[PDB]
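> Pasting target.csv below, which is CSV, C-alpha atoms.
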```csv
chain,number,residue,atom,x,y,z
A,3,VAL,CA,131.2,87.3,167.7
A,4,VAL,CA,133.7,89.4,165.6
A,5,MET,CA,133.4,88.8,161.9
A,6,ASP,CA,134.0,92.1,160.1
A,7,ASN,CA,136.3,95.0,160.6
A,8,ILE,CA,139.4,93.0,161.6
A,9,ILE,CA,142.7,94.8,161.0
A,10,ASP,CA,146.0,93.0,161.0
A,11,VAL,CA,148.9,95.3,161.9
A,12,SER,CA,151.4,92.7,160.6
A,13,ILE,CA,150.6,92.9,156.9
A,14,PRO,CA,151.4,95.7,154.4
A,15,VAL,CA,149.4,98.9,154.9
A,16,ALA,CA,148.1,98.8,151.3
A,17,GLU,CA,146.5,95.4,151.9
A,18,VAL,CA,144.7,96.8,155.0
A,19,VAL,CA,143.4,99.8,153.0
A,20,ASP,CA,142.3,97.7,150.0
A,21,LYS,CA,140.2,95.6,152.4
A,22,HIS,CA,139.0,98.5,154.5
A,23,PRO,CA,138.8,101.8,152.3
A,24,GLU,CA,137.1,103.6,155.2
A,25,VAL,CA,140.1,103.0,157.5
A,26,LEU,CA,142.3,105.4,155.4
A,27,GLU,CA,140.8,108.5,157.0
A,28,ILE,CA,141.8,107.2,160.4
A,29,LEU,CA,145.3,106.1,159.4
A,30,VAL,CA,146.2,109.6,157.9
A,31,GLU,CA,145.6,111.0,161.4
A,32,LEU,CA,147.9,108.4,162.9
A,33,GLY,CA,151.1,109.2,160.9
A,34,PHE,CA,150.3,107.6,157.6
A,35,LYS,CA,149.1,110.7,155.8
A,36,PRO,CA,151.5,110.4,152.9
A,37,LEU,CA,149.6,107.2,152.1
A,38,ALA,CA,146.4,109.2,151.4
A,39,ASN,CA,147.7,109.4,147.8
A,40,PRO,CA,147.2,106.0,146.0
A,41,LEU,CA,150.6,106.2,144.3
A,42,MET,CA,152.4,106.7,147.6
A,43,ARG,CA,150.3,104.1,149.4
A,44,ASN,CA,150.8,101.5,146.6
A,45,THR,CA,154.6,102.1,146.7
A,46,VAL,CA,155.8,102.7,150.3
A,47,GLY,CA,152.6,101.1,151.7
A,48,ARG,CA,153.3,97.8,150.0
A,49,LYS,CA,156.6,97.5,151.9
A,50,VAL,CA,155.5,98.7,155.4
A,51,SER,CA,153.0,97.3,157.8
A,52,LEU,CA,151.2,99.3,160.5
A,53,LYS,CA,153.6,97.8,163.0
A,54,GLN,CA,156.7,98.8,160.9
A,55,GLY,CA,155.1,102.1,159.9
A,56,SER,CA,154.3,103.2,163.5
A,57,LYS,CA,157.9,102.8,164.5
A,58,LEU,CA,158.9,104.9,161.5
A,59,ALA,CA,156.2,107.6,162.0
A,60,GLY,CA,156.9,107.7,165.8
A,61,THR,CA,153.3,106.8,166.6
A,62,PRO,CA,153.0,104.5,169.6
A,63,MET,CA,151.3,101.2,168.8
A,64,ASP,CA,148.9,101.6,171.8
A,65,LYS,CA,147.7,104.9,170.2
A,66,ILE,CA,147.0,103.1,166.9
A,67,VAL,CA,145.2,100.1,168.6
A,68,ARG,CA,143.1,102.4,170.8
A,69,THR,CA,142.1,104.6,167.9
A,70,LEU,CA,141.2,101.6,165.7
A,71,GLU,CA,139.2,100.0,168.5
A,72,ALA,CA,137.4,103.3,169.1
A,73,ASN,CA,136.3,103.4,165.4
A,74,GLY,CA,134.9,99.9,165.4
A,75,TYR,CA,137.8,97.7,164.5
A,76,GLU,CA,139.3,94.6,166.1
A,77,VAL,CA,143.1,94.5,165.9
A,78,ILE,CA,145.2,91.4,165.3
A,79,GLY,CA,148.9,90.6,164.6
A,80,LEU,CA,150.3,92.4,167.6
A,81,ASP,CA,153.6,91.4,169.2
```
What would the structure in this file look like if it were written as structure tokens?


Amino acid sequence: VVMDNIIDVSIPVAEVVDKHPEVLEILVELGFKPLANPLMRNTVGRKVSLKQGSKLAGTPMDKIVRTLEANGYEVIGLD
């Protein structure tokens, strides 16, 4: 059963990164690289979810979901 490493794409990106610090290295390769810096991530990243952010960054959600699954995560909060 899935228990750990769950990522909700519908909550603010900062909340994701706080819960999963290791996921930041993945996200910066998926159009979220300004959020590498804590100050940026805790400003813009508190307003934008992965779903919202992907539309702004022009990264297709399928690319994000595939990448996250390939690195051990289970994704929730999809449309």

> Find the residue from A:40, A:79, A:33, A:55 that sits nearest to residue 9 in chain A; use all atoms listed in the file when measuring.

A:79

> Which residue is closest to residue 39 in chain A? Choose from A:64, A:19, A:14, A:69 and count only C-alpha atoms.

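Among A:64, A:19, A:14, A:69, it is A:19 that comes nearest to residue 39 in chain A.
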
> To one decimal place in Å, what is the distance between CA of residue 13 in chain A and CA of residue 41 in chain A?

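Computing it gives 18.3 Å between the two atoms.
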
> Between CA of residue 4 in chain A and CA of residue 38 in chain A, what is the distance in Å, rounded to a tenth?

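Straight-line distance from CA of residue 4 in chain A to CA of residue 38 in chain A works out to 27.5 Å.
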
> I want to know what sits within 12 Å of residue 67 in chain A, based on all atoms listed in the file, with residues of the same chain fewer than 3 positions away left out; could you give that as a PyMOL selection string?

chain A and resi 8-11+28-29+32+52-53+56+61-64+70-80

> Calculated over all atoms listed in the file, which of the candidates A:22, A:15, A:27, A:7 has the smallest distance to residue 43 in chain A?

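For residue 43 in chain A, the nearest of the given residues is A:15.
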
> Which distance in Å separates CA of residue 23 in chain A and CA of residue 50 in chain A, to one decimal?

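Separation between CA of residue 23 in chain A and CA of residue 50 in chain A: 17.3 Å.
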